[PDB]
Every structure is written in C-alpha cells, then in structure tokens.
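Ligands are counted one by one from 1 in listed order, and the atoms in each one are counted from 1 as well. In this chain, numbering begins with 1 at the start of the sequence shown.
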Amino acid sequence: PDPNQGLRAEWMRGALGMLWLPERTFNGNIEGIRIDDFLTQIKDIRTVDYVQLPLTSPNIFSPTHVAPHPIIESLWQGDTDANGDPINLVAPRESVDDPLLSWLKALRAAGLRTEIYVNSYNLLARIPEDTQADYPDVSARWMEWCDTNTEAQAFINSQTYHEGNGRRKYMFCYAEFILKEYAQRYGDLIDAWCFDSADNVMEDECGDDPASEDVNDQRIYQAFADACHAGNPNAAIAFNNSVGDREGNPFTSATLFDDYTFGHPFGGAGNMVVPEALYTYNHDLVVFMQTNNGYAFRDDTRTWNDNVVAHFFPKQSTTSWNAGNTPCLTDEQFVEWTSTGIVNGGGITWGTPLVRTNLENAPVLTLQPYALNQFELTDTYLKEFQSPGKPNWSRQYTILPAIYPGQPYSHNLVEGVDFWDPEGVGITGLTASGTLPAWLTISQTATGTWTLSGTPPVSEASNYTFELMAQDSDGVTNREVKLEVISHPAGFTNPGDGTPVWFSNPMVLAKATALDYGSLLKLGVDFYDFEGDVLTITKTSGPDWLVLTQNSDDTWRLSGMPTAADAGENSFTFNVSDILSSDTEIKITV
Ligand SMILES: [Ca+2]
Ligand SMILES: [Ca+2]
Ligand SMILES: [Ca+2]
Ligand SMILES: [Ca+2]
Ligand SMILES: [Ca+2]
C-alpha cells in the first residue's frame, strides 16, 4: 500500500471546516462570483482551519463546473436560449473568468486550507432517463468526445482495466483529462478532495469494490486519487462510500486511496438529529472520533489504514448542507459537538448554511446570522480549550503582505487575531528567528499589537522563510511565515508617482444588445496599482443603462439592460483611485 496514506491528512486532526457552496452555476452564472464577502464576515473567527469549495455541484448538477476547461467548454458549441443566454455551458469561459482560482487565493490569503467537492458522476448523467433543460446535450457530448478523440481513445486502450461495466471508461477519461488538469493547475492551493456519490457510480455501476484491499478491484478510485496527487502529492482524498455502522464503527471502511473518511451522517435527507435516537447515533460518531484520537480504523485487522484520519461532514441547518433557515443544534450543543469531535480528535467540515444559495434568484452568499453566532461561541471555546498552555496561532497559515521594492512595508499582528494566550493572561512578547531581511524589523507599536515594518531597497529580489515566536507564561510557540517579492502584471506602465493606472485609453469591451449585459473589470488585467493600494472605481459619465457594482477588492462587474435609444457607440468615462487617480474612456458598441 501507499506509505503516506492518511499521514498527508495529519493537519485535519483538530481541524474546523466550513462549506461555501453556491447553486445553479451553469451557463455563466458563476462567472465573476466572489467569496470575499463571506471571508470578511468570518474575519473574527480565528480557530477555523479550512473551507470546502465546489469544483462540481451535487446530484444532477455534477456536470456543472466552477472552473474553466477547454474540453468542457468545447461541449458548449455556442448554444443559446430564447433570451440569448448560454445553454449546454457547464463551466466558466477561459476568456471571462476563473472563479475557483479567485476563491482559492482568497482562502489562502485569509490563512485557510481548502477542501474541494467533486460529485463522482462528474460529466455523466446521474439519471439518464430525465433531461436537464439548462444543459441537455452535455452528458452525450462528453461521451461522444471520449469515444471519438485520438488522445482519449489511445488512453482508454492503454490499460485493460479501463473497459468494463456501465460507463467505466468515461470515468477514467474524466480522471485523466479533466480532474488531473484541474489538480495540476491549482497545485498546493487545494489541500483536500472529497468525492461524493463514489460507491453509487464506482462500485454499483462501474464494478469496483471499495471493501476489498486489492488494487485491481479499486482502479477507478486509484485513477481519481492519482489525478489529484499529480497536482498536489500531499492532497488528502476521501470517497463517499455511504454511511458505516451506527452501532459500531460509524465510517465505511477505507479504500486503498482514502486519506480521511468522507463521514456522511446517519439519516441523509431531513434533519440529522431528530428524533433523539438519530441525535445519539450521530453524536456517537462524534464521540468515536474523540475516543480514537481522530484515527478512524485503528480497530480492524488492517495496519495499512491506521493513519487514515476520522472526519465528519454534518450539516448545521435542519434541511441542506449549504443553506437553511433553522439550526439543527442549539448554541450549547453546536460547541459541544464540534469540540468533542476535534479537540484531540478528528476533523469536521461543517455544512454551514448561507442565506440564499441560488445564483438565479437574488443570491446572498454569506452565512446565516444564527450560523455565524454559533461559530463565534465555538471560537471562544476553542481559543481556550483546544490547545491549552502555550500560545496558539490563528487558522492554518499566517500570511505576510508581499514585498514592494522601494516602498515602505508595514503589517500588524494583533493579539486576539493572529495569536493569543488560551488562559487569557496575555502575550509576554513576540520575536522572530531564522534568515530575516536586513531591513525588516519587529516592534510593539501599541498594546497587544506587534508590527512587522521596514523599507526594502529597490534591488530587493529574493524570498525569505523564517519563524515567528509568540510567548507567554506557559512557554513559546512557533509559526513559519513567508515573504515574497511582488510580481507586476504584463502590459502596464509604472508612472512612479503613486498613481493607479488603467490598461489603456480608450478601452473597448464586448458588444451589447437592447434586452442584459455582462462584463468584468479585474485588477492586473484592466486596471493596476504598483504600490498595491486598495482601489475604488467610479462611472463618472455616459449613458444610464451601464450599472457598476463591486464584487471584491480585485473585481468589478459591469451589467444592466440597454434601451432602444442606446444603439450605436456608447462612451463612458471611468475613474480609478486609491488620493491619486486617473480617468479613462471606455467605449461599448451596441
Ligand atoms: Ca484550529
Ligand atoms: Ca487498523
Ligand atoms: Ca438563466
Ligand atoms: Ca497560557
Ligand atoms: Ca498608489
């Protein structure tokens, strides 16, 4: 077996996780969507370690991806609706946006690891008898591509174990061409993969056996696992092979390629903790993680699965994992369930509910107020009790800002935010060790606030990796940090006076029609600031139809319906500011 099976998910022991999952991502709906509102909302939640994002959506939405891919995008064939909106487009366009990349980098910037949801049916149809109006021909076109493509047919014939029951060869094609490409593109930005509906497609239809410990019985599981590991060899994999046994071991036995347990709770649909017997069965799963120190399969007659990490994927609301207006647990219970499961135990991806997940029906992609409240109480508990004694650091990473050669550097590490004393006495001091830059300096500017400051020279062009050391009465705790020099984008000229600049003047965008427009303005593509100052954009003149709205610090969305009188050549003036500013003309033919 694999010697690092489960060890690569060692960080998941004691890990608190959330879920951010929009719905109805197809046909360009996900393009321009950002997670930055959600992350700003949870800025004070400091013990949280990771967030699960989708690559695909669940159930019949498994073909719909939230990241671009040439092969998936070729299945579109420019097909349109009655309104003119896309149909059979089950991924964002390469020319328009890569939303998943923005969320991955924003999560990394926030000091968090990431889990990636993939439904195992992927581009195949879960119910072939039915027809999905928004993407009806995609499943057929994907299979059409697999059996009529030189590289794909060559791959299918390269191993004897590809051919078999049902749509087996097509599953291998997704792993090789789609999943591997996604994995290798994003690299270490993805820390984990959870594969839903695995036994449904892999075991029952395609004829693998996840209960076995022969690799010849688990080649579809291998292909998916190796495709992830080709991009990041430390990426923890988990397969949903249904729920285990409520009386004994609650997790279904690990395959040869499970680093952690998927951990679907008992009573899938409906409220997972009603009646009292269902509450107890799912709480026994939480207690099982405590009892076995976060290792799922120490009990059985297999030593190769002893490092596999016990992990649970419950839902915070009463209805769904990604939404719901009612919490299933009380405030006291939610803190107990979480702490019992992770504190010297396993990991939990909480199905944290957003206010409204449907992108077509006025989406609000931030946590329910009651859900945030439960995490605030959990945060206060885990700050004190998860790792008592020496100081604890926040989340998984501490991210220092990039080095701008010549410019002043300044970043505060605040007590209570980036580090804290569990007992609540206080931080006695903060120092560093290792190869620091000569210019860089640590000092306590105000009470409970240490500042990493200094001014790099213009010739600064190297990386630095060193330890930060938070100290209190009980002892001292280390935290590795990185300092990288900024890489400016191509096609941008530095004015050398602090002025933020547009890409060009004029700047023409795509054409519009009288009845909705859609276009994105992005940092480093359409506008840029060489000091890295946060920017503001304002429409200062032009026709009324063009609506401007900010999605994040680095993304702005242009929208709105042109009237009959707006046909021709519409000119707008757009400003970009930080004190200093500069205008530009933006033309749009209609
Ligand atoms: Ca933590
Ligand atoms: Ca064992
Ligand atoms: Ca639509
Ligand atoms: Ca202490
Ligand atoms: Ca500036």
Side-chain angles (χ1 to χ4, degrees), residues 1-2 5-7 9-18 42 44-51 107 110-115 191-192 211 213 244 248-256 258-261 288-289 291-312 335 338-350 352 375-398 415-430 448 469-479:
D2 192 300
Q5 179 170 13
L7 293 169
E10 175 55 45
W11 63 264
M12 201 172 292
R13 292 176 67 254
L16 176 55
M18 297 186 188
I42 68 167
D44 303 327
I45 300 159
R46 293 283 97 191
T47 56
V48 68
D49 296 289
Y50 66 102
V51 181
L107 284 164
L112 296 160
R113 287 174 184 272
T114 67
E115 192 178 23
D191 302 88
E213 61 185 296
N249 194 311
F251 311 107
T252 300
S253 186
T255 64
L256 294 167
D258 277 299
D259 295 299
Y260 65 105
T261 59
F288 188 93
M289 293 164 71
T291 305
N292 302 290
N293 244 249
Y295 294 110
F297 308 113
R298 224 84 147 180
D299 63 320
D300 65 16
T301 67
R302 297 173 173 182
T303 62
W304 61 262
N305 68 18
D306 288 357
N307 290 324
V308 174
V309 177
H311 159 271
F312 188 37
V335 175
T338 304
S339 58
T340 304
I342 76 187
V343 176
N344 312 320
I348 301 170
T349 309
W350 271 109
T352 58
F375 271 87
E376 287 169 342
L377 296 167
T378 307
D379 192 56
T380 305
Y381 188 89
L382 294 171
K383 278 179 163 185
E384 188 176 351
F385 292 111
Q386 183 161 20
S387 294
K390 296 174 163 67
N392 305 351
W393 286 80
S394 72
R395 313 193 157 185
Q396 292 291 303
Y397 314 116
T398 297
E415 187 182 353
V417 176
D418 297 278
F419 48 79
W420 62 88
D421 176 19
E423 283 70 39
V425 181
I427 298 293
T428 52
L430 189 76
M469 303 185 295
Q471 195 196 341
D472 69 13
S473 59
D474 292 298
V476 58
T477 306
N478 302 343
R479 166 54 70 84

Other residues, nucleotides, ligands: >12 heavy atoms within 6.0 Å of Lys390 NZ: no
field: With sequence neighbours excluded, residues passing salt bridge (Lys or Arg N to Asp or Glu O under 4.0 Å) with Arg298
entry: none
Distance-only polar pair, side chains of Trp304 and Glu213, donor-acceptor under 3.5 Å: yes
message: For the residue pair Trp393 / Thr477, report whether a side-chain donor-acceptor contact shorter than 3.5 Å exists.
response: no
query: What class does the angle between the rings of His311 and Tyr50 fall in, given that below 30° is parallel, 30 to 60° is tilted and above 60° is perpendicular?
result: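 Plane angle between 30° and 60°, so tilted.
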- prompt: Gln386 versus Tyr381: any side-chain heavy-atom pair under 4.5 Å?
  reply: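 No; the side chains remain at least 4.5 Å from each other.
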message: When you compare the side chain of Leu16 with that of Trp350, does any pair of heavy atoms fall below 4.5 Å?
response: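 Yes; the side chains approach each other to less than 4.5 Å.
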task: Could you tell me which residues satisfy side-chain hydrogen bond (donor to acceptor under 3.5 Å, both in side chains) with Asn293, sequence neighbours excluded, listed by chain and number?
output: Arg13
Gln396 near the Ca ion (ligand 1) via N/O/S, less than 3.0 Å: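 No - counting backbone and side chain alike, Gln396 has no N, O or S atom under 3.0 Å.
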- prompt: Ignoring waters, how many protein N/O/S atoms are under 3.0 Å from the Ca ion (ligand 4)?
  reply: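 Under the 3.0 Å cut-off, the count stands at 5.
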field: Polar protein atoms (N, O or S) that approach the Ca ion (ligand 2) to under 3.0 Å
entry: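 The answer is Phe297 O, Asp300 OD1, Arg302 O, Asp306 OD1.
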query: Does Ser387 offer a backbone N or O that forms a donor-acceptor pair with the side chain of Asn392 under 3.5 Å?
result: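 Here the side-chain-to-backbone pair exists.
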Donor-acceptor under 3.5 Å (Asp379 side chain, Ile45 main chain): no
statement: ang(OD2 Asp49, the Ca ion (ligand 1), O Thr47) rounded to 10° is 70°
